[PDB]
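Here is how the chains run, residue by residue.
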Amino acid sequence: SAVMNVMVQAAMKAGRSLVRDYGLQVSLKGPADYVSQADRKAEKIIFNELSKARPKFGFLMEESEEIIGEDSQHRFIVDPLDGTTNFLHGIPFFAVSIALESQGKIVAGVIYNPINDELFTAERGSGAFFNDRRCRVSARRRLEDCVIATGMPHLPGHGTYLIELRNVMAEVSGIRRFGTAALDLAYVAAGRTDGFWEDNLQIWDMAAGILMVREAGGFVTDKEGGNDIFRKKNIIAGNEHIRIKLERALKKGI
Amino acid sequence: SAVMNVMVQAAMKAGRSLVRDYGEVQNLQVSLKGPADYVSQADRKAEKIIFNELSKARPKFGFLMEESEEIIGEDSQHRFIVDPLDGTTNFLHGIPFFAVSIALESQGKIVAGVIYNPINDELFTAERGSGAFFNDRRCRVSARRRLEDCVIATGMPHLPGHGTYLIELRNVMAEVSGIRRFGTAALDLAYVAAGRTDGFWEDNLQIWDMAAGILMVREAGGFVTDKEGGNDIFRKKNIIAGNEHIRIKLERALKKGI
Ligand SMILES: [Mg+2]
Ligand SMILES: [Mg+2]
Ligand SMILES: [Mg+2]
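Residues numbered from 1 in each chain as written, not as in the entry; some residues may be left out. Chains lettered and ligands numbered in written order. Heavy atoms only, no water. Residues with missing side-chain atoms left out of burial classes, pairs and counts.

By the method listed in its record, X-ray crystallography, this PDB entry was determined to a resolution of 1.85 Å.

## Considerations on the coordination of the magnesium ion (ligand 1)
Residues and elements named next belong to chain A. In this structure, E62 (OE), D79 (OD) and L81 (O) serve as the protein donors to the magnesium ion (ligand 1), at separations of 2.0 to 2.1 Å. Considered as a linear motif, the donors of the magnesium ion (ligand 1) on their single chain read E-x16-D-x1-L. In this structure, the magnesium ion (ligand 1) lies 5.5 Å away from the magnesium ion (ligand 2). Taken together, the residues span a long stretch of sequence, with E62 in the loop between β3 (58–61) and β4 (64–67) and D79 in strand β5 (residues 74–82) at a distance of 17 residues. This pair shows no difference in class: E62 is buried, exactly as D79 is. (Donors = N, O, S within 2.8 Å, 3.2 Å for Na, K, Ca; no water. Helix = DSSP H or I, 4+ residues; strand = E, 2+ residues; numbered from the N terminus. Buried < 20%, exposed > 50% of the residue type's maximum accessible area, 1.4 Å probe, protein only.)

## A short note on the domain arrangement of chain B
All names here are of chain B. Splitting chain B by domain gives domain 1 (1–139) and domain 2 (140–258). Averaged C-alpha coordinates put domain 1 and domain 2 at centres separated by 21 Å. Counting residues at the interface gives 36 residues for domain 1 and 25 residues for domain 2. Summing both partners gives a buried area of about 2,300 Å² for domain 1 against domain 2, and 70% of it is carried by carbon and sulfur. Contact with domain 2 buries surface across domain 1, with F97, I115 and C139 losing the most and accounting together for 23% of the total. Scanning the region where domain 1 abuts domain 2 turns up 1 salt bridge. (Domains from an automatic or database assignment. Contact = heavy atoms within 4.5 Å. Buried area = accessible area lost by both parts, 1.4 Å probe. Salt bridge = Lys/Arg side-chain N within 4 Å of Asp/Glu carboxyl O.)

## A few points about the interface of chain B and chain A
Residue-level contacts link 42 residues of chain B with 41 residues of chain A. Buried surface at the junction of chain B and chain A, summed over both partners, amounts to about 3,300 Å²; 60% is from carbon and sulfur atoms. Here chain B is connected to chain A by 0 salt bridges. Scanning the region where chain B abuts chain A turns up 18 residue pairs in polar contact. Those elements giving two or more residues to the side of chain B that touches chain A turn out to be α3 (88–92), α4 (162–173) and β11 (178–180) of chain B. Looking at the side of chain B that touches chain A element by element, the count peaks at 6 residues for α4(B). Split into classes, the residues belonging to the side of chain B that touches chain A amount to 20 nonpolar, 12 polar and 10 charged. (Polar contact = N/O pair within 3.5 Å; in protein donor to acceptor, adjacent residues only side chain to side chain. Nonpolar A, V, L, I, M, F, W, Y, C, P; charged D, E, K, R; others polar.)

## Regarding the sheet that holds strand β11 (residues 147–150) of chain A
Residue and element names in this part refer to chain A. Judged by pairing direction, the sheet is mixed, and its 5 strands sit side by side in the order β12-β11-β13-β15-β14 without closing on themselves. Each having just a single partner strand, β12 (174–176) and β14 (219–221) make up the two edges of the open sheet. Taken pair by pair, the neighbouring strands of this sheet meet at an average axis angle of 15°, ignoring direction. Bridge analysis of β14 against strand β15 (residues 235–238) gives 3 bridges, and the strand direction is antiparallel. In the sheet register, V220 faces β15, and the bridge partner there is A237. The strands touched by helix α4 (residues 158–169) within the sheet are β11, β12 and β13 (195–198), with β13 carrying the most contacts at an inclination of about 165°. (Pairing = 2+ DSSP bridges. Axes fitted to C-alpha atoms, helices over the stretch in contact; angles between N-to-C directions.)

## Quick look at the sheet that holds strand β14 (residues 239–242) of chain B
Residues and elements named next belong to chain B. In spatial order, the strands read β11-β10-β12-β14-β13; together these 5 strands make up an open sheet with mixed pairing. Strands with a single pairing partner mark the edges of an open sheet, and in this sheet they are β11 and β13 (223–225). When the angles between neighbouring strand axes are averaged without regard to direction, this sheet yields 15°. Note: strand β12 (residues 199–202) against β14, 4 bridges, orientation antiparallel.

Shown next as structure tokens:
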């Protein structure tokens, strides 16, 4: 669609800015929670580019106050830099994430890793794509064959998290913690990891990636197996078999 | 030096092979060496390329290579130590964090190291006494002095020692701005050497996983110990790496409650 094209172009322009900045006025928004000039410039670019094409739409953006659109039915949801801490450390693993929400549903999503030039896209009913080729969740059925990605609390819920990690670690070929959220969901949708779980995530961390995984033939629930992801701010994602096995592993001993 | 030049060229040629194979993973024969411990045709071809290049250059040197039997050199005092693919599980899953690692051991000491991530074209090199380099520019460990500012990389057991690991992780997780688990060993050490992470710890690593990386971190102004703070790394098969401040605070955090 035209709107997907506009989203893709905004993400890639912001991504090129991030790549220039990668090769900065940092501040703390909260404990271990960073924002830099790179995030701010990416978000300006995305706001300006999307505005030129769909001036009627609303904007929910990580780094600035929400903008209400003239068209009450549509808003872009923007993470201008998923993996800020990675970026600031020179860890070449981070992404731009843009979703479109129409009448309370996520209908388009773009996640772009500009370091590796990896473009993940999905529209409601279109399937997931990686660099213009269809992609799907992995077909693994046993946890012992799987690599599972995770997000960790650092510097609330550490004890519960460590129970979950214990249960999953005992059963899988690998755990990964890359430091992103959107890109981790894209990696599940593209079959690069077999599943993902995390808590304390914002709407912009997850919106594009939830759609991606679902369009890729996978399943996404909150940590309780329900569909209250944005309110609960937690997630389990994977193919039908792995998602349920993860949900079971996560609850053992809780 | 001549020998670093040869090592770099071997690593980069292997790296080119790996990038080629990375585009066609499903056509690679893959076997288990142990629970969750994979080797593929890509590892073996990388190793072939490295052996073919290095042995041409130094035919009397020994080779200690992950995927094949050790070759005792006719020169008893020198051997290459090779991990032809650091991050095999990542590689097989299409995850872009993996590296080739080559070190040179002379008279029991590691004297040169190359770690190359061919996806991102990241070349880390060091020779004993001469400092660490990242893509032809000097690099160095980070300047961070407090855990709360740090990102610490870790390696896990998966599919012995899980409980002890979870104590260590609990202790570090409570103190830092971030934990990372990338799925490599050599490349993690290179990231500490270049100041991209602030520290690293892991157990059950082999000589080829760490030889080049230990030199890298030391030449980058950092410090590397076993988990008890000594220098028995290859025997104990464990490691803590970081700048002087962070490595000691990690060692203390790892022992709390044990
Ligand atoms: Mg962000
Ligand atoms: Mg956030
Ligand atoms: Mg290997």
